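Engineer: Part one of the assembly, not moved from where it sits:
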Amino acid sequence: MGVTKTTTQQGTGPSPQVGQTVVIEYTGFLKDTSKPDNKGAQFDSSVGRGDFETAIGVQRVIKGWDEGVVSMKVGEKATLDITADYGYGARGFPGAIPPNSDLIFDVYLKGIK
């Protein structure tokens, strides 16, 4: 239950494998179960900044992204519900994410380099 994925658009391209570079568009929200779609405050997004690129499965992003994205296919849009332990944990990230925050991300997998 560290990360749960909900598919909102099915993709049919290849699925990322460990070490490949993925290209994603994303928006992140603090989870709040009292709010519509459990989405609390938006804390980050690639929208208007440029698609985000990272090698996947090699701990260069949070564990929920490493595990969620390798389960996706290019073209897929999904929402990842990530527990604090699979996100930024007790530290959080100062200025953006409080300690012990569950997270919701909309993720669109646009490519594998």
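Structural biologist: Now that the structure is in, tell me what you want to look at. Numbering: from 1, shown residues only, chains lettered A, B, ... in the order given.
Engineer: now the helices for chain A?
Structural biologist: Ranges of helices in chain A, per DSSP state H, are A:63-69.
Engineer: Against the centre of it, work out the most remote residue.
Structural biologist: Computed with C-alpha atoms, centre = their mean, the residue of chain A farthest from its C-alpha average is residue A:34, at 21.0 Å.
Engineer: so how far is residue A:87 from it?
Structural biologist: In this structure, residue A:34 lies at 19 Å from residue A:87, with C-beta to C-beta, to the nearest Å as the measure. Where you see a C-beta, it was placed from the backbone N, CA and C, and this is true even at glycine.
Engineer: do the same with residue A:93
Structural biologist: Taking C-beta to C-beta as the measure, residue A:93 and residue A:87 are separated by 9 Å.
Engineer: Could you do residue A:49 as well?
Structural biologist: Noted for residue A:49: a distance of 20 Å to residue A:87, by C-beta to C-beta.
Engineer: between these two, which one's more packed in?
Structural biologist: Neighbours per residue (other C-beta atoms under 10 Å) separate residue A:49 from residue A:87, with residue A:87 holding more: 25 against 9.
Engineer: Would you mind confirming that the more buried one is in contact with residue A:97?
Structural biologist: Yes. Here residue A:87 reaches residue A:97: they are 7.4 Å apart, a contact under C-beta atoms under 8 Å.
Engineer: intersection of neighbour lists for these two?
Structural biologist: Between them, residue A:87 and residue A:97 share these contacting residues under C-beta atoms under 8 Å, 6 or more residues apart in numbering: residue A:103.
Engineer: build in chain B:
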Amino acid sequence: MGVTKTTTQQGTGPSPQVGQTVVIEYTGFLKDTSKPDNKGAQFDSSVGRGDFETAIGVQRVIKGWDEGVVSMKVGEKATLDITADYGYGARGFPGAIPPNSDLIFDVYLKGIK
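Structural biologist: With chain B added, the chains above now look like this:
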């Protein structure tokens, strides 16, 4: 070498010990040796918002803050040069801190609880 400190204003109050809670004002920059004082892009600051309060020395914040702040006295202003090992490490934070980034922080210790 994990964190090195330049004191820019001496403090004369008490110094924190491991496990105490500290009150700090800070600004964080990506290290960029092509820029004055090695300060690249500013990614976060408590200036204009409010002070950051945390238990110190117990891995609630990056190692460079744990060691750097413990070395300070209340009233002290210092600049910390923090290696990636002592900062946010291999993940960083998407759109703000790349993986394996050295960091520069201005820190100002304003209280111990």
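Engineer: re the thing from before, ok, now which ones touch the residue farthest from the centre of chain A?
Structural biologist: If you count contacts by C-beta atoms under 8 Å, 6 or more residues apart in numbering or on different chains, residue A:34 has none.
Engineer: phi, psi of whatever residue of chain A ends up closest to chain B?
Structural biologist: For chain A, the residue closest to chain B is residue A:95, as judged by C-beta to the nearest C-beta, at 4.1 Å. The phi/psi pair for residue A:95 (degrees, to the nearest 10) reads phi 80, psi -10.
Engineer: nearest spatial neighbour of it, skipping sequence neighbours?
Structural biologist: Nearest residue to residue A:95, sequence neighbours excluded (C-beta to C-beta, 6 or more residues apart in numbering or on different chains): residue B:44, at 4.1 Å.
Engineer: Run a quick neighbour tally on the one you found.
Structural biologist: For residue B:44, the number of neighbouring residues by other C-beta atoms under 10 Å in any protein chain shown comes to 18.
Engineer: That one: what's it in contact with?
Structural biologist: When the contact criterion is C-beta under 8 Å, 6+ apart, the partners of residue B:44 are A:94-96, B:26-28, B:96.
Engineer: which of those residues lies closest to residue A:79?
Structural biologist: For the contacts of residue B:44, the residue nearest residue A:79 by C-beta to C-beta is residue A:96; the value is 19.3 Å.
Engineer: and that closest one, how many neighbours?
Structural biologist: Other residues lying near residue A:96 total 18 when counted by other C-beta under 10 Å.
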